[PDB]
Amino acid sequence: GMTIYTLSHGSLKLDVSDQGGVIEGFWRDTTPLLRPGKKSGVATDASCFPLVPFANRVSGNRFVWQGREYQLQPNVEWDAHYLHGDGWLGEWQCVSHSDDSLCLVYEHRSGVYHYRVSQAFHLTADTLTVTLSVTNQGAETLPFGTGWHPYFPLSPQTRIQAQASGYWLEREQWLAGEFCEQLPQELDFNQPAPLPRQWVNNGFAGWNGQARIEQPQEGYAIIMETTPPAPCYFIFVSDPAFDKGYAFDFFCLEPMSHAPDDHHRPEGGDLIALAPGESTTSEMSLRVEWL
């Protein structure tokens, strides 16, 4: 059944569910740093979910790797494309839980990718560190990636800053389209900027793995750092036309270890080739600071 694990240190508190390995809350005192989760067991209602064994979609639900054609099947009812891997949809097991740390594991043995993944969480007085480590357990080498999909509170006063040298236009089926090196002003977060008040679903390239989310109305900022530095991020802002219960109360800034559709680029782009038994690890940290 569903389990929620709580960690705390000082004024920071984190709730994590075994359903999807999702964060269900992250707070400083009563102030939400991530959007509070519904604890519904549906990852898209949570505060953050992990992306493994890759992030986003592979256009056409197919790809060639080392001369062999692989085909994926849709994993959620609401998207024609296989989306965000399997971790977010699976039930995880807890292997450790202490006052300020938690480790969950998930094993997948169906579909294209077979693997084991661990997700570790750690709290200090001002920082949450989350680590994903994934091991290929299949019979062939495949290209892997990791990432996360956090949901942050959104205010008219919120501003973000995240280096980018270009972006992919959104095309049909929610897919990444043409790559473009001129960022429109409204989507240019190289210097702190507001979120647009309209649908946004776009990937950005040229990132240095570091972001700043400013919440001036509450007097804090969150400093996001990834190790190894992530090269791409997605921004999501919804619209009251795709989500009738949406009032611009959250947005997502999603770090990814690879570019969308890297499965189609030479040697897999920034995807990491893992032979059977090989692993790769990424870390995201979120640090709260007085602005």
# chains A, B, ... in the order shown; residues from 1 in each chain; ligands from 1
>>> residues_around(residues="residue 269 (chain A)", least_positions_apart="2", cutoff="12 Å", atoms="only C-alpha atoms", output="ChimeraX atom specification")
/A:65,143-145,231-232,257-267,271-273
>>> write_last_selection(atoms="N, CA, C and O atoms", output="compact mmCIF listing (two decimals), in the first residue's frame")
# COMPACT_ATOMS: atom_id res chain seq x y z
N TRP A 65 19.09 1.83 -31.93
CA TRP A 65 20.31 1.84 -31.12
C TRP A 65 21.19 0.66 -31.51
O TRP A 65 20.76 -0.49 -31.48
N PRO A 143 20.78 3.60 -24.22
CA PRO A 143 21.13 4.95 -23.79
C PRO A 143 20.18 5.47 -22.70
O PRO A 143 18.95 5.40 -22.86
N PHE A 144 20.77 5.94 -21.60
CA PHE A 144 20.07 6.31 -20.40
C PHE A 144 20.18 7.79 -20.08
O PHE A 144 21.15 8.49 -20.39
N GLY A 145 19.17 8.24 -19.37
CA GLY A 145 19.22 9.57 -18.78
C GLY A 145 18.39 9.61 -17.49
O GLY A 145 17.66 8.70 -17.20
N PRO A 231 22.45 19.69 -19.06
CA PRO A 231 22.56 20.55 -20.25
C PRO A 231 21.24 21.14 -20.75
O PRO A 231 21.27 22.05 -21.59
N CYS A 232 20.10 20.59 -20.30
CA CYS A 232 18.79 21.01 -20.78
C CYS A 232 17.80 21.11 -19.64
O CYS A 232 17.93 20.40 -18.67
N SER A 257 19.21 15.34 -17.87
CA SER A 257 20.59 15.04 -18.20
C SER A 257 20.86 14.97 -19.71
O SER A 257 22.02 14.77 -20.13
N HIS A 258 19.80 15.16 -20.50
CA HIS A 258 19.88 15.05 -21.95
C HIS A 258 18.86 15.93 -22.59
O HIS A 258 18.01 16.46 -21.90
N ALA A 259 18.95 16.07 -23.93
CA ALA A 259 18.02 16.87 -24.72
C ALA A 259 16.83 16.01 -25.13
O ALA A 259 17.00 14.81 -25.33
N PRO A 260 15.66 16.65 -25.33
CA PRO A 260 14.54 15.90 -25.87
C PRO A 260 14.91 15.30 -27.24
O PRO A 260 15.58 15.96 -28.05
N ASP A 261 14.52 14.04 -27.46
CA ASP A 261 14.72 13.35 -28.73
C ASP A 261 16.20 13.05 -28.98
O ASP A 261 16.60 12.83 -30.10
N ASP A 262 17.01 13.00 -27.91
CA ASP A 262 18.41 12.61 -28.08
C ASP A 262 18.49 11.18 -28.60
O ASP A 262 19.47 10.79 -29.21
N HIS A 263 17.45 10.38 -28.38
CA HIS A 263 17.45 9.01 -28.93
C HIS A 263 17.63 8.99 -30.47
O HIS A 263 18.01 7.98 -31.04
N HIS A 264 17.31 10.12 -31.11
CA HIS A 264 17.42 10.28 -32.56
C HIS A 264 18.70 10.94 -33.06
O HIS A 264 18.93 11.02 -34.27
N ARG A 265 19.55 11.40 -32.14
CA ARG A 265 20.78 12.13 -32.52
C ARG A 265 21.96 11.15 -32.58
O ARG A 265 21.87 10.05 -32.03
N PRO A 266 23.08 11.55 -33.22
CA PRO A 266 24.19 10.60 -33.26
C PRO A 266 24.72 10.19 -31.87
O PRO A 266 24.84 11.03 -30.94
N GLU A 267 24.97 8.89 -31.76
CA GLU A 267 25.43 8.24 -30.56
C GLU A 267 24.56 8.61 -29.35
O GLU A 267 25.02 8.59 -28.23
N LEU A 271 22.55 11.50 -23.92
CA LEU A 271 22.25 10.21 -23.27
C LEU A 271 23.56 9.46 -23.02
O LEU A 271 24.56 9.66 -23.74
N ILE A 272 23.54 8.61 -21.99
CA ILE A 272 24.72 7.86 -21.53
C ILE A 272 24.54 6.38 -21.80
O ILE A 272 23.59 5.76 -21.33
N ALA A 273 25.42 5.83 -22.62
CA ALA A 273 25.35 4.40 -23.00
C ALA A 273 25.78 3.54 -21.83
O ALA A 273 26.92 3.65 -21.36
>>> residues_around(residues="region 20-30 of chain A", least_positions_apart="6", cutoff="9 Å", atoms="only C-alpha atoms", output="mmCIF file with N, CA and C atoms, in the first residue's frame")
data_model
loop_
_atom_site.group_PDB
_atom_site.id
_atom_site.type_symbol
_atom_site.label_atom_id
_atom_site.label_comp_id
_atom_site.auth_asym_id
_atom_site.auth_seq_id
_atom_site.Cartn_x
_atom_site.Cartn_y
_atom_site.Cartn_z
ATOM 1 N N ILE A 4 3.847 7.219 3.078
ATOM 2 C CA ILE A 4 4.470 8.529 3.050
ATOM 3 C C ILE A 4 5.531 8.625 4.176
ATOM 4 N N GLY A 10 15.799 21.129 11.176
ATOM 5 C CA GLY A 10 15.538 22.522 11.475
ATOM 6 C C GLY A 10 14.086 22.826 11.117
ATOM 7 N N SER A 11 13.881 23.841 10.284
ATOM 8 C CA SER A 11 12.544 24.282 9.890
ATOM 9 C C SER A 11 12.119 23.631 8.570
ATOM 10 N N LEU A 12 13.011 22.836 7.986
ATOM 11 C CA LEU A 12 12.697 22.171 6.678
ATOM 12 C C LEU A 12 12.073 20.815 6.878
ATOM 13 N N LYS A 13 11.064 20.524 6.074
ATOM 14 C CA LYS A 13 10.338 19.254 6.162
ATOM 15 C C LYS A 13 10.068 18.780 4.752
ATOM 16 N N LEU A 14 10.246 17.485 4.544
ATOM 17 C CA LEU A 14 10.006 16.852 3.257
ATOM 18 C C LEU A 14 9.127 15.613 3.442
ATOM 19 N N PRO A 36 2.451 21.879 -2.801
ATOM 20 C CA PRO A 36 2.080 20.728 -1.962
ATOM 21 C C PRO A 36 1.416 19.644 -2.795
ATOM 22 N N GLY A 37 1.839 18.386 -2.612
ATOM 23 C CA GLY A 37 1.161 17.270 -3.283
ATOM 24 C C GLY A 37 -0.185 16.913 -2.727
ATOM 25 N N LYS A 38 -1.011 16.276 -3.556
ATOM 26 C CA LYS A 38 -2.295 15.773 -3.109
ATOM 27 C C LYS A 38 -2.260 14.429 -2.428
ATOM 28 N N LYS A 39 -1.124 13.750 -2.431
ATOM 29 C CA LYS A 39 -1.022 12.431 -1.805
ATOM 30 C C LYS A 39 -2.097 11.484 -2.346
ATOM 31 N N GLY A 41 -1.526 9.417 -5.099
ATOM 32 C CA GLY A 41 -0.864 8.298 -5.806
ATOM 33 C C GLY A 41 -0.726 8.517 -7.307
ATOM 34 N N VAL A 42 -1.097 9.731 -7.771
ATOM 35 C CA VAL A 42 -0.936 10.132 -9.141
ATOM 36 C C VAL A 42 0.211 11.162 -9.170
ATOM 37 N N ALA A 43 1.260 10.814 -9.887
ATOM 38 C CA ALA A 43 2.499 11.621 -9.874
ATOM 39 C C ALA A 43 2.330 13.066 -10.325
ATOM 40 N N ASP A 45 -0.014 14.931 -9.630
ATOM 41 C CA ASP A 45 -0.591 15.695 -8.512
ATOM 42 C C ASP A 45 0.411 15.934 -7.387
ATOM 43 N N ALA A 46 1.642 15.467 -7.554
ATOM 44 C CA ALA A 46 2.660 15.516 -6.485
ATOM 45 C C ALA A 46 3.491 16.793 -6.553
ATOM 46 N N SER A 47 4.510 16.882 -5.725
ATOM 47 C CA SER A 47 5.435 18.045 -5.733
ATOM 48 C C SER A 47 6.593 17.907 -6.720
ATOM 49 N N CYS A 48 6.999 16.663 -6.995
ATOM 50 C CA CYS A 48 8.142 16.351 -7.873
ATOM 51 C C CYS A 48 8.116 14.879 -8.185
ATOM 52 N N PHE A 49 8.486 14.503 -9.423
ATOM 53 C CA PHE A 49 8.658 13.091 -9.729
ATOM 54 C C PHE A 49 9.937 12.857 -10.498
ATOM 55 N N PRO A 50 10.496 11.649 -10.395
ATOM 56 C CA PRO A 50 11.766 11.324 -11.027
ATOM 57 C C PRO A 50 11.536 10.897 -12.446
ATOM 58 N N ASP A 86 9.498 4.959 -16.528
ATOM 59 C CA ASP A 86 8.574 4.152 -15.721
ATOM 60 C C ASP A 86 8.600 4.468 -14.235
ATOM 61 N N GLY A 87 9.661 5.083 -13.764
ATOM 62 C CA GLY A 87 9.804 5.300 -12.336
ATOM 63 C C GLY A 87 8.636 6.020 -11.693
ATOM 64 N N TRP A 88 8.227 7.103 -12.334
ATOM 65 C CA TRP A 88 7.117 7.903 -11.831
ATOM 66 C C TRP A 88 5.780 7.173 -11.711
ATOM 67 N N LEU A 89 5.615 6.025 -12.392
ATOM 68 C CA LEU A 89 4.410 5.251 -12.399
ATOM 69 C C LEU A 89 4.487 3.975 -11.530
ATOM 70 N N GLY A 90 5.656 3.670 -11.039
ATOM 71 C CA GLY A 90 5.892 2.388 -10.322
ATOM 72 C C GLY A 90 5.841 2.532 -8.822
ATOM 73 N N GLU A 91 5.720 1.413 -8.146
ATOM 74 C CA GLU A 91 5.755 1.425 -6.695
ATOM 75 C C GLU A 91 7.171 1.106 -6.203
ATOM 76 N N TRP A 92 7.725 1.981 -5.364
ATOM 77 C CA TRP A 92 9.107 1.855 -4.905
ATOM 78 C C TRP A 92 9.120 1.216 -3.527
ATOM 79 N N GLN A 93 10.303 0.729 -3.119
ATOM 80 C CA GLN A 93 10.498 0.133 -1.809
ATOM 81 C C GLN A 93 11.489 0.963 -1.034
ATOM 82 N N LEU A 104 14.872 5.036 -1.543
ATOM 83 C CA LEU A 104 13.909 4.173 -2.168
ATOM 84 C C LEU A 104 14.539 3.513 -3.410
ATOM 85 N N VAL A 105 14.055 2.328 -3.736
ATOM 86 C CA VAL A 105 14.502 1.594 -4.926
ATOM 87 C C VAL A 105 13.301 1.101 -5.750
ATOM 88 N N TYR A 106 13.489 1.030 -7.060
ATOM 89 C CA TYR A 106 12.495 0.499 -7.975
ATOM 90 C C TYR A 106 13.224 -0.384 -8.990
ATOM 91 N N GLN A 119 16.730 6.116 -5.478
ATOM 92 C CA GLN A 119 16.554 7.543 -5.295
ATOM 93 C C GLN A 119 16.783 7.841 -3.816
ATOM 94 N N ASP A 126 19.256 23.994 5.234
ATOM 95 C CA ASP A 126 18.796 24.829 4.124
ATOM 96 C C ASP A 126 18.761 24.154 2.746
ATOM 97 N N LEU A 128 17.982 20.538 0.256
ATOM 98 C CA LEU A 128 17.505 19.207 -0.088
ATOM 99 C C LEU A 128 18.386 18.697 -1.234
ATOM 100 N N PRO A 150 10.043 18.879 -10.938
ATOM 101 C CA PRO A 150 9.462 19.579 -9.793
ATOM 102 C C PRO A 150 8.424 20.608 -10.189
ATOM 103 N N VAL A 288 17.504 26.735 -0.030
ATOM 104 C CA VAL A 288 16.671 27.902 0.262
ATOM 105 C C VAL A 288 17.551 29.004 0.790
#
>>> closest_residue(among="A:53, A:74, A:32, A:209", to="residue 136 (chain A)", atoms="only C-alpha atoms")
A:53
>>> select_by_dssp(residues="region 30-259 of chain A", states="strand (DSSP E)", output="count of residues only")
106
>>> closest_residue(among="A:158, A:238, A:17, A:215", to="residue 33 (chain A)", atoms="only C-alpha atoms")
A:215
>>> closest_residue(among="A:15, A:178, A:69, A:289", to="residue 214 (chain A)", atoms="only C-alpha atoms")
A:289
>>> closest_residue(among="A:159, A:9, A:244, A:122", to="residue 195 (chain A)", atoms="only C-alpha atoms")
A:159
>>> closest_residue(among="A:31, A:125, A:183, A:161", to="residue 287 (chain A)", atoms="only C-alpha atoms")
A:125
>>> closest_residue(among="A:79, A:147, A:35, A:184", to="residue 280 (chain A)", atoms="only C-alpha atoms")
A:147
>>> atom_distance(atom1="CA of residue 275 (chain A)", atom2="CA of residue 67 (chain A)")
15.3 Å
>>> residues_around(residues="region 129-133 of chain A", least_positions_apart="2", cutoff="10 Å", atoms="only C-alpha atoms", output="PyMOL selection string")
chain A and resi 50-53+101-105+116-124+127+135+145-148+224-227+279-287
>>> write_last_selection(atoms="N, CA, C and O atoms", output="compact mmCIF listing (two decimals), in the first residue's frame")
# COMPACT_ATOMS: atom_id res chain seq x y z
N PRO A 50 10.50 11.65 -10.39
CA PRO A 50 11.77 11.32 -11.03
C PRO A 50 11.54 10.90 -12.45
O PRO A 50 10.44 10.41 -12.81
N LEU A 51 12.55 11.14 -13.27
CA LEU A 51 12.52 10.74 -14.67
C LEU A 51 13.61 9.67 -14.89
O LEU A 51 14.80 9.98 -14.79
N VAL A 52 13.19 8.43 -15.13
CA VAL A 52 14.11 7.30 -15.35
C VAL A 52 13.34 6.22 -16.11
O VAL A 52 12.20 5.90 -15.75
N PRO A 53 13.91 5.65 -17.19
CA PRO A 53 15.31 5.69 -17.60
C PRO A 53 15.64 6.75 -18.66
O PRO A 53 16.72 6.72 -19.26
N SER A 101 17.27 11.58 6.19
CA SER A 101 17.55 10.86 4.94
C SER A 101 16.58 9.70 4.63
O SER A 101 15.97 9.08 5.52
N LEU A 102 16.44 9.44 3.34
CA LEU A 102 15.57 8.40 2.83
C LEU A 102 16.18 7.86 1.55
O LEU A 102 16.75 8.61 0.75
N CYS A 103 16.07 6.55 1.35
CA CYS A 103 16.42 5.89 0.11
C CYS A 103 15.33 4.88 -0.30
O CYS A 103 14.88 4.05 0.49
N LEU A 104 14.87 5.04 -1.54
CA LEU A 104 13.91 4.17 -2.17
C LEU A 104 14.54 3.51 -3.41
O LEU A 104 15.40 4.10 -4.07
N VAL A 105 14.06 2.33 -3.74
CA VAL A 105 14.50 1.59 -4.93
C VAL A 105 13.30 1.10 -5.75
O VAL A 105 12.22 0.82 -5.23
N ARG A 116 17.38 -1.32 -12.46
CA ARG A 116 17.14 -1.00 -11.05
C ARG A 116 17.55 0.45 -10.83
O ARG A 116 18.55 0.92 -11.36
N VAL A 117 16.74 1.19 -10.08
CA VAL A 117 17.10 2.57 -9.78
C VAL A 117 16.93 2.81 -8.29
O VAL A 117 15.98 2.30 -7.73
N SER A 118 17.84 3.60 -7.71
CA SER A 118 17.74 4.10 -6.38
C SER A 118 17.54 5.62 -6.42
O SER A 118 18.06 6.33 -7.27
N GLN A 119 16.73 6.12 -5.48
CA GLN A 119 16.55 7.54 -5.30
C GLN A 119 16.78 7.84 -3.82
O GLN A 119 16.01 7.35 -2.99
N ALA A 120 17.83 8.64 -3.53
CA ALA A 120 18.20 9.09 -2.18
C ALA A 120 17.86 10.56 -1.97
O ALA A 120 18.08 11.41 -2.83
N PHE A 121 17.33 10.85 -0.79
CA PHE A 121 16.95 12.20 -0.40
C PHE A 121 17.72 12.54 0.87
O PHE A 121 17.79 11.71 1.76
N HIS A 122 18.22 13.77 0.97
CA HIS A 122 18.90 14.24 2.17
C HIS A 122 18.55 15.69 2.47
O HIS A 122 18.48 16.52 1.57
N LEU A 123 18.32 16.00 3.76
CA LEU A 123 18.01 17.36 4.20
C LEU A 123 19.10 17.85 5.11
O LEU A 123 19.52 17.11 5.99
N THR A 124 19.55 19.08 4.88
CA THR A 124 20.30 19.81 5.90
C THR A 124 19.42 20.99 6.31
O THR A 124 18.24 21.00 5.99
N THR A 127 19.16 22.89 2.64
CA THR A 127 19.28 22.24 1.36
C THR A 127 18.69 20.82 1.33
O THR A 127 18.93 20.02 2.23
N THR A 135 20.94 1.44 -12.93
CA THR A 135 21.79 0.36 -13.42
C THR A 135 21.05 -0.41 -14.50
O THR A 135 19.94 -0.88 -14.28
N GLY A 145 19.17 8.24 -19.37
CA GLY A 145 19.22 9.57 -18.78
C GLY A 145 18.39 9.61 -17.49
O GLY A 145 17.66 8.70 -17.20
N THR A 146 18.54 10.71 -16.78
CA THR A 146 17.83 10.97 -15.52
C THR A 146 17.44 12.43 -15.43
O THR A 146 17.97 13.32 -16.15
N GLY A 147 16.50 12.67 -14.53
CA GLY A 147 16.04 14.02 -14.31
C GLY A 147 14.93 14.02 -13.33
O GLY A 147 14.63 13.00 -12.75
N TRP A 148 14.40 15.21 -13.13
CA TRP A 148 13.27 15.40 -12.25
C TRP A 148 12.33 16.41 -12.82
O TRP A 148 12.68 17.24 -13.68
N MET A 224 18.86 26.08 -7.41
CA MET A 224 18.91 24.72 -7.97
C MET A 224 20.29 24.49 -8.59
O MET A 224 20.75 25.31 -9.41
N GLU A 225 20.92 23.36 -8.22
CA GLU A 225 22.22 22.94 -8.76
C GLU A 225 22.17 21.46 -9.10
O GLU A 225 21.56 20.67 -8.39
N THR A 226 22.74 21.10 -10.23
CA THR A 226 22.79 19.69 -10.64
C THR A 226 24.25 19.23 -10.80
O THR A 226 25.17 20.03 -11.20
N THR A 227 24.49 17.96 -10.49
CA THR A 227 25.84 17.36 -10.63
C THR A 227 25.73 15.95 -11.18
O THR A 227 25.07 15.11 -10.57
N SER A 279 26.25 1.65 -14.46
CA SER A 279 25.33 2.59 -13.83
C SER A 279 25.68 4.02 -14.15
O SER A 279 26.81 4.34 -14.51
N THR A 280 24.73 4.91 -14.00
CA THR A 280 25.04 6.34 -14.03
C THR A 280 24.22 7.02 -12.92
O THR A 280 23.18 6.49 -12.53
N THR A 281 24.71 8.16 -12.44
CA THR A 281 24.12 8.86 -11.29
C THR A 281 24.03 10.34 -11.59
O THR A 281 24.90 10.91 -12.28
N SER A 282 22.96 10.98 -11.13
CA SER A 282 22.85 12.45 -11.21
C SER A 282 22.31 12.94 -9.88
O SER A 282 21.64 12.19 -9.21
N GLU A 283 22.57 14.20 -9.55
CA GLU A 283 22.09 14.78 -8.31
C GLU A 283 21.45 16.14 -8.61
O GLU A 283 21.91 16.88 -9.47
N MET A 284 20.37 16.47 -7.89
CA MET A 284 19.80 17.81 -7.94
C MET A 284 19.80 18.29 -6.51
O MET A 284 19.36 17.54 -5.64
N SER A 285 20.24 19.52 -6.27
CA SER A 285 20.06 20.11 -4.97
C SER A 285 19.21 21.36 -5.06
O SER A 285 19.27 22.10 -6.06
N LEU A 286 18.37 21.56 -4.04
CA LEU A 286 17.56 22.77 -3.93
C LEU A 286 17.90 23.44 -2.61
O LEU A 286 17.64 22.89 -1.56
N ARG A 287 18.46 24.64 -2.67
CA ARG A 287 18.88 25.33 -1.47
C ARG A 287 18.02 26.55 -1.25
O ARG A 287 17.84 27.35 -2.18
>>> select_by_dssp(residues="region 151-209 of chain A", states="helix (DSSP H, G or I)", output="mmCIF file with C-alpha atoms, in the first residue's frame")
data_model
loop_
_atom_site.group_PDB
_atom_site.id
_atom_site.type_symbol
_atom_site.label_atom_id
_atom_site.label_comp_id
_atom_site.auth_asym_id
_atom_site.auth_seq_id
_atom_site.Cartn_x
_atom_site.Cartn_y
_atom_site.Cartn_z
ATOM 1 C CA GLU A 172 2.093 18.971 -32.385
ATOM 2 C CA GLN A 173 1.537 16.170 -29.783
ATOM 3 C CA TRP A 174 3.446 18.182 -27.138
ATOM 4 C CA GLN A 185 12.072 37.839 -24.855
ATOM 5 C CA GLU A 186 9.216 36.173 -22.903
ATOM 6 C CA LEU A 187 11.127 32.826 -22.889
#
